[PDB]
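Chain naming follows the written order as A, B, C, D, E, F, G, H, I, J, K, L, M, N, O, P and Q, and within any one chain the residues start at number 1.
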Amino acid sequence: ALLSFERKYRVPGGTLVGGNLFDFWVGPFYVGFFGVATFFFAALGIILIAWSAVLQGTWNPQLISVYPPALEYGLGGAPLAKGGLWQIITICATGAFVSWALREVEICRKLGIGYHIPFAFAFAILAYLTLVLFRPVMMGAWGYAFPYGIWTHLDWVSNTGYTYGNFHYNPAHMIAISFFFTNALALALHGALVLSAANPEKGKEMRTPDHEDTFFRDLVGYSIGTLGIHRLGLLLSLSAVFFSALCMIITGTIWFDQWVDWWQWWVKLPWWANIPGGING
Amino acid sequence: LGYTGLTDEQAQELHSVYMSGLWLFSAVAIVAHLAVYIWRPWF
Amino acid sequence: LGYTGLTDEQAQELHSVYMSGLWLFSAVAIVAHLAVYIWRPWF
Amino acid sequence: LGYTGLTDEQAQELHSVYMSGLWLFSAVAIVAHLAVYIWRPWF
Amino acid sequence: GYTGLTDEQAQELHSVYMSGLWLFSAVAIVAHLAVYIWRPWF
Amino acid sequence: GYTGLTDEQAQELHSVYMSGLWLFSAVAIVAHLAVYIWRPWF
Amino acid sequence: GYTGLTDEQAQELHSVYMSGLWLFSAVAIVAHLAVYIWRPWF
Amino acid sequence: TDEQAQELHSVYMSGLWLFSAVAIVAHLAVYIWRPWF
Amino acid sequence: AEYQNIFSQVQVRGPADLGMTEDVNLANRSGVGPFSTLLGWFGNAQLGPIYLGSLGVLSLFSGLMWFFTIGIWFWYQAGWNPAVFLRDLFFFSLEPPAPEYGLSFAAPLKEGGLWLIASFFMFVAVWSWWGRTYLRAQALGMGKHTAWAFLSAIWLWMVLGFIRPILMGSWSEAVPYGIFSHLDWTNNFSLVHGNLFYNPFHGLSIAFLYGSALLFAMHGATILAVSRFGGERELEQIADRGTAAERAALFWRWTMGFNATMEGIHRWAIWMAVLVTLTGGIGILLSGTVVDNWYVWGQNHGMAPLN
Amino acid sequence: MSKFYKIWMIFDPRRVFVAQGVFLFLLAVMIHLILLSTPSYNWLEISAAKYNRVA
Amino acid sequence: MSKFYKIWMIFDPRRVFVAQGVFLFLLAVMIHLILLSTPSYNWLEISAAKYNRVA
Amino acid sequence: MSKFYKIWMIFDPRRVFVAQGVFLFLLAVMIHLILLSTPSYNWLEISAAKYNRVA
Amino acid sequence: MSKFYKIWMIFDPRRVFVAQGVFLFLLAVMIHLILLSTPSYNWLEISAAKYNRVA
Amino acid sequence: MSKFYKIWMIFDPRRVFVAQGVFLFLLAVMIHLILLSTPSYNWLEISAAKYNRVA
Amino acid sequence: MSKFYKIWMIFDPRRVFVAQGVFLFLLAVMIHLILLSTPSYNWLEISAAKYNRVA
Amino acid sequence: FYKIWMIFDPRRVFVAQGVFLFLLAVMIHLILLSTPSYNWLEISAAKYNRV
Amino acid sequence: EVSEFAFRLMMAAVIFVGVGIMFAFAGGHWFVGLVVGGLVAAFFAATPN
């Protein structure tokens, strides 16, 4: 079934691979070459998770957990029951996520819109591949990757973090957090401001973007504008994920100690290292 | 003459009521303070 | 006649009541300080 | 005139009220300093 | 000149500014004397 | 001329700038002599 | 040319710049000699 | 222009040669001062 | 490569723009500030004007006094030394009262009295900023969505500094004012309560915090992708749906099988962000008051393996 | 003092009554909070000893 | 001093009364909190000792 | 000196008076807090020892 | 030395006056803080010894 | 030497005098801080020894 | 070597003179900092021994 | 090879050459200073018994 | 084709490394490099033709 305006857009073409072989829809969903690829990897990865639950011997979905190979397996293959399923599901996850981005590129072409959405999604893929692929390969073992399990992947976050003391002291982790909090602030404000104009006080006319500019200037003396706010929300989200990936690729590869000890480089700058008093004197 | 657009007489009416509300409030306030002082002095 | 649009007379009217309020507030504060000093000198 | 829009006549009177505030404030500050000094010299 | 001031205005302005600076400098000079008498740094 | 200063404006303005430079650099030399008299580095 | 300078302006500006380079380098040469008298680095 | 590139290339080359000469002195001088072969 | 509309190619500057009047008390609005050419590459160039008024002055003065009270404590902890102040800037901390003082206001100024004084100025500054955010919308006849969204953040902040300390019975439970010390507090809080990852409302709060980065990335990329159709002019797309809004809707419908509208995506946006601190505040309010070990609570509720 | 009423041509009663209503409530709650936080004045806890309802 | 009334010719009277009200409130609370934070002047803890209340 | 009043042709005195007020108050508050931090000048402690108000 | 006044034809006195005002304050405060942190020049700790207030 | 004044036909003295003001101030700050860092030249620490002012 | 004046037809003199000014400052400061970094040429510590200023 | 001044704007070419050639020359001096055998400042300290 | 701003950024990232190594060596600490190399290179980057 179609949206009432949809029909005029369902034209042929824009496909990157396969021409018209897969240029059709299935309900609302566009298929295409990479939609076939996407569904295969998604279904295989999901089904191998359910099979891993059988091998693990639980059906509670919150206890199901697919662990990577132990560190003794290095970057080589492991037995399926003992890390090899995780490796195949990681291939399927990568295949599904990449196919999904490429399917979005095809939909962008058919609608004639910019490629910003699949490009933004590629940042999430690179953060995933940092944690499951690039950093484990740098550190030399698949066992430094996180396990696929709702709560057990939080054990990996905890155990990885506390290996370096309080992980709040990672300076790139601090920058990533600052973008994450600022993004959530901006999304609250942007949602509220647009809604407050479209949904004014009862009986009043819809407000204009002039009122939107006016409210924020009255509130804080500045207004980024309709175009600026969507640039900002995109770049804040992408910066958060860039500095997140950066904070981990350095952790356990060029920095090994307690992250709190890094900040002594500032304290021990020689023009003030020895000056008595304060906290460090 | 003024910012609010009250008249000078509307100001006097409202003020006479406001002050009476204040005096009724503070009258109870004194009785409460004196009662607590008699019960348990703080000085 | 000034920035505010108040006249030279309106500015004297309001100042007379402002000082009436200031002197009352400070008179009560002076009494409060003297009571506390008699209770517990800080010098 | 200048950059604000005050005249010479306006500015020269305003300044006299400003300086009346300055010296009054400063005079009390002198009394405060001397009283504290007589009580507890800091040199 | 890129302040728009006439020369007459700039001469007037400078006379007030420098008289302020002479007053400020005078207090500073006395203050350094008093502190040097109280506690020399040389 | 990038700044629009006429040749006479540039020949004027430079003369006042130099006057300040010589005044400033002179005071600096007096300061260096005094501190050398206090504590020679060379 | 990219700057629009005449041959006059390009040769004039260069002659002033070269007098800057010579004056700066001449004092630098003297500054080296002054230190070389005190402490040769070879 | 094609003629301007002839002119500039000559000027740049003449300077590029003039810089080379000073290094051709300076390595000899430092070879004299403390030989490195 | 083509133009991506991430930075502007040409800036135009008109006159200064004074903004809508409605019922704004225009005596309380300042002059317009200077233009910034740097900001103009990414958004608007104009700074100002700003509206002050009564809750403005109250909020700005109390907020100044909060900031000044912390600053003087840091200058004291530095021993007035301007070098030590810059060396140890992130190590200074105005700590709350010690536990033996409970909720009593009797703690010495160096042992927690200045933290109560600082916290009082913060309380007045933040709450008066909330009323300011409500009244600036009222003066323009706008909906109060921004004030009700800000109330969700105040809820977490009130739980951290006020409500949970009262329910726990000491100001020692509150957050210290300091860069590294509020981080040490955050880490210590999780250790004392037995791994906060196993708090389900901390789990939810993270889901909405990740979802806010997910959703603003999706929405920001969507609007830039359709900006070639004037899709950033979202209110006119709400009033008079253009091809921008339809192409945006069909991208997501064809991608994931369902879609928003131009008005309705901003409801997803506000709730995704609001739920971060709403569920967060609940998760902290439960910590220590109802659950003292979240990992063991997780074991009893089927989310961690039993021993 | 007889012209203290002149304030109502300056300030709107709707603004003043709300602002004062919020102020007085928070001041009252602040003081009851301060006293309940003080063991010498917690009236519920005083009663627990006076009537030996404790233990 | 006779012309201090010209303050009202340059400053809006509402902004002055608000700004001065705000100031006096914050100052008064700050001093009471300084005295509560001072062991020798906390009137509640003083009277608690004076009358052998729990303190 | 006699021309100092021409400063009010250069600066809007509303902005100067606001800026000056907060400057003076912050400066004074800082000096009092410096002296309270200074044990030899904390008047609240000096009187406490003079009158044996602790122990 | 006579022609210096033409500097006011170049810079707006408002900007220069504010800039030098902030400069002088931040410089003066910095120096007093260097002295208060210097034990040989902290006048508060000097007079405390000179009058035996340290006890 | 005669033509160096043509620098003012190239650089607008407003930008030059600001940049020069920053440059010269920060250079002076460098040198004084290097001297305060230097035991043989820290004038406050020298004066302390010369007048026995420490311990 | 005569035609070196042609540089000013290609490079704007402002944007060269700025580049030269920054370059010369950086080169000079780098050398002075290297000299202070060697005791062989640290003119402060040479002087400290010569005049026996730390003993 | 004079075509190259048509192929690339000589403004860019000299910006490249001038900075790169300086940073190469600097790099060469700074590595030599890190050696024991050719640091001229610290060799001269030995010759004249300065340290 | 490389834009003037692109060429500027490409070249600024060189000055950053170069001035950084210069002053880290001269100032004796890598932070002096990072500060001076940051200021000089950012000044260069900000001012394209």
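Everything below uses one rule, namely that a residue touches a chain if its C-beta (ideal position, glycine included) is under 8 Å from a C-beta of that chain, and two chains touch if they have at least 3 such contacts.
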item	value
Centroid comparison with chain G (C-alpha atoms), farthest chain	B
Of G-O and P-Q, pair with higher C-beta contact tally	G-O
Angle of rotation relating chain L to chain M [CA atoms, steps of 5 degrees]	20
Option reproducing the contacts of G-O, where over half of them reappear, out of F-N, E-N or F-O	F-N
Inter-chain centre distance, chain L versus chain Q - centres from mean C-alpha coordinates, in Å	45
Centre distance in Å when chain H and chain J are each reduced to the mean of their C-alpha atoms	88
Intercentroid distance (Cα basis), chain G paired with chain E, Å	38
Whole-Å gap separating chain A and chain O, where each centre is the average of the chain's CA atoms	49
Junction residues of chain O, two or more chains touched	4, 6, 10-11, 13-14, 34, 41, 44, 47, 51, 53
Shared-contact residues (touching 2 or more other chains) in chain H	8
Contacts with two or more other chains, residues of chain I listed in rising order	54, 79-81, 84, 105-106, 109
Residues of chain O defined as touching chain H within the complex	1, 3-4, 6
Complex contacts: residues of chain C adjacent to chain J	13-14, 16-17, 20-21, 24
Contacting residues of chain F [partner chain O, same complex]	2, 39-42
Touching residues (chain side chain F, partner chain N) in the complex	1-3, 5, 7, 9-11, 13-14, 17, 39
Chain L-facing residues of chain M, complex	13-14, 17, 44-45, 47-48, 53-54
